[PDB]
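# Reading the structure
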Amino acid sequence: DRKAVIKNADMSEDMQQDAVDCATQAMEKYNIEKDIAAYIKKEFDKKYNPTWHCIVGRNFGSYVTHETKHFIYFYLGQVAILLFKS
Amino acid sequence: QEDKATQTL
């Protein structure tokens, strides 16, 4: 169903794949961007320690400051997902 | 800590 494309990453392979699997699970459960984002954020806090932030949407730009090795920006279908730690 | 820009197309 949904094409996964990593646009920009400062993040290990395993964590990248986890971010995609996590977003895929979120999208199976939830349709609202904010709820998808909450699920990913909370899972990443739980597995990789706080504090994570997550943005999900079709139309946004951003300028954020992340901890090294804790950043990914990717598409699942037409939905863009920004996940990072600061 | 590093700075990153993203933009949907």
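Judging from the entry metadata, X-ray crystallography is the method by which this structure was determined, and 2.00 Å is the reported resolution.

## A look at the pattern of salt bridges
All names here are of chain A. A complete count under the given rule lists four salt bridges over all chains for this structure. Two residues, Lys 47 and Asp 18, come together in a salt bridge whose shortest N-O distance is 3.1 Å. You can see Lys 47 sitting in helix α2 (residues 33-48) and its partner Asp 18 sitting in helix α1 (residues 13-29), a full 29 residues away along the chain. The exposure class assigned to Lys 47 is partly exposed, which follows from its relative accessible area of 46%. As a salt-bridge pair, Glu 33 and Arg 58 come within 3.1 Å of each other at their nearest N and O atoms.

## Notes on the sheet that holds strand β5 (residues 79-85) of chain A
Residues and elements named next belong to chain A. The strand order across the open sheet formed by four strands is β1-β4-β5-β2, and the pairing between neighbours is antiparallel. Each edge of the sheet is formed by a strand with only one pairing partner; in this case those strands are β1 (4-10) and β2 (52-57). Pairwise comparison of adjacent strand axes, ignoring direction, gives a mean angle of 10 degrees for this sheet. Against the sheet, α1 contacts β1, β2, β4 (71-76) and β5, and its axis sits at roughly 45 degrees relative to β4.

## Overview of the state of the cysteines
Residues and elements named next belong to chain A. Applying the stated criterion across every chain, the model contains zero disulfides over all chains. Sulfur of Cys 22: no disulfide; nearest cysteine sulfur belongs to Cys 54 and is 8.2 Å away. The exposure class assigned to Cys 22 is buried, which follows from its relative accessible area of 3%.

## A word on the interface of chain B and chain A
Where interface size is given, it is often the accessible area lost as the parts come together that is meant. Taken together, the nine residues of chain B in the interface contact 19 residues of chain A. Both sides of the chain B and chain A interface together cover about 1,200 Å² of buried area, and 48% of this is carbon and sulfur. Here chain B is connected to chain A by zero salt bridges. Applying the counting criterion to the chain B and chain A interface returns six residue pairs in polar contact. Residue classes in the side of chain B that touches chain A are distributed as two nonpolar, four polar and three charged. Of the pairings in the sheet, the one linking strand β3 (residues 61-66) of chain A to strand β1 (residues 2-7) of chain B comprises six bridges and is antiparallel in character. Residue pairing in the sheet places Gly61(A) in a bridge with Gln7(B) of β1(B).

Cut-offs and rules
- Residues numbered from 1 in each chain as written, not as in the entry; some residues may be left out.
- Chains lettered and ligands numbered in written order.
- Heavy atoms only, no water.
- Salt bridge = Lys/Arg side-chain N within 4 Å of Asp/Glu carboxyl O.
- Helix = DSSP H or I, 4+ residues; strand = E, 2+ residues; numbered from the N terminus.
- Buried < 20%, exposed > 50% of the residue type's maximum accessible area, 1.4 Å probe, protein only.
- Pairing = 2+ DSSP bridges.
- Axes fitted to C-alpha atoms, helices over the stretch in contact; angles between N-to-C directions.
- Contact = heavy atoms within 4.5 Å.
- Disulfide = S-S within 2.5 Å.
- Buried area = accessible area lost by both parts, 1.4 Å probe.
- Polar contact = N/O pair within 3.5 Å; in protein donor to acceptor, adjacent residues only side chain to side chain.
- Nonpolar A, V, L, I, M, F, W, Y, C, P; charged D, E, K, R; others polar.

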